[PDB]
């Protein structure tokens, strides 16, 4: 009888030693799950899932078949104690047989979404770890590109530059603008990566947001810093372009004008030699016409001096480099004036010179005329007396005494006419001393008169003589 009671004890003691053995597991296990305390890296957060596998795979199943094994024992030892009759057993209250239904429903609870969690974290640390590294890299290459760019952008090289040098920098600046717009994208990306990096509560979101902020701030500063340059370069080009135009204009006009002044200075000093009033007057008509051009000449002079003034003005009103000196022209504005002064100074000297010759020529004509007037009278007078002597033979009375009487009267006329020949002779001397050897106002010439007068004096002498013989070789 107690032989059956011996195993009906082990078959009810079996329950205890096991039903408990389980209960303490759902005890030690419900805390392990339920945890959900995130991890640092991903590589460590997945080792946490490898633990869950080992659990749900090799540790939890055997328990499920033990939760079932029990209650099966709570029957093979229940319905069995009915077929032997002697009230069964509902052991340890601290090991209920209808409550392990809760102790497991407990574990099942704490396990709820644990793997769902584990995964999502593996996946966040997935993207995260990637973006972090991408950010670190995409930023580093940008920061490296940026180094010094702002500084060189502030350099002012272009102040002492030439129209072409500036024009060149302007073109290299185009390159810079080009390259600048290139990276526009990289900046937007660097922002975006830092952005998402936040959304995923990246542990270092703080520092990436800062590093990114600097980059975006710089980018903006860089943008306008780049625009200042274009403006300055574009402005500098404008000025130099203007100053160049002026210089050019000045050169194109000072040249010809310098030739004119040089030409004039020569003309106003050209040596001349004349011998007639008409000649010296052509020289006067000429000089007169020249002086007539002096007005507009001064026009051009001032006009040119204007061009120079603007140049020197725009330069001065921009404290800009580039020696006012004109690359396209040799002659200065200051030496341009000295020349003009000379022209001027030479004019009064020229006409004063022209004036004296005019007087000279006129003085010469006077001598010419005065000589002509007298010779034109003396000439015929001498001719007339020759004729009077050539006659004298006639006489109504019968020659000799009456012819003599007449000859002596002519001699008296002759004698009394001498002073006229003298005068002539004297004005002749003046004509020659004046280097005048042409006289269109008479066909005479001191010589003709001399011979004529000398012939006259000889003819009377001869004739009076012949008549003296007559009144002798007869009387």
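Positions refer to the first chain, counted from 1.
J.: Between 74 to 82 and 294 to 302, point out the one with the higher average CA B-factor as the PDB entry records it.
T.: Per the deposited B-factors, the answer is 74 to 82.
J.: Averaging only over Cα atoms, indicate whether 362 to 370 or 190 to 198 has the higher B-factor in the PDB entry.
T.: Result of the comparison: 190 to 198.
J.: Take the CA temperature factors straight from the PDB entry and tell me which of 276, 218, 330, 164 peaks.
T.: Comparing C-alpha B-factors across 276, 218, 330, 164, the maximum falls on 330.
J.: Say you rank 324, 285, 245, 403 by Cα B-factor from the PDB entry; which sits at the top?
T.: Among 324, 285, 245, 403, the PDB entry lists the largest C-alpha B-factor for 324.
J.: Can you tell me which third, lowest, middle or highest, the CA B-factor of residue 41 falls into for its chain?
T.: Its C-alpha B-factor belongs to the highest third of this chain's values.
J.: Taking the entry's C-alpha B-factors for this chain, is residue 51 in the lowest, middle or highest third?
T.: Tercile = highest for this residue's CA B-factor.
J.: Hey, what third does residue 410 fall into on Cα B-factor, ranked over its chain?
T.: Lowest third - that is where residue 410 ends up once the chain's C-alpha B-factors are sorted.
J.: Where does the C-alpha B-factor of residue 387 rank in its chain, lowest, middle or highest third?
T.: Ranked within chain, residue 387 CA B lands in the middle tercile.
J.: Grab the CA temperature factor for residue 381 from the record and place it in the lowest, middle or highest third of its chain.
T.: Answer is lowest: the recorded C-alpha B-factor places it there.
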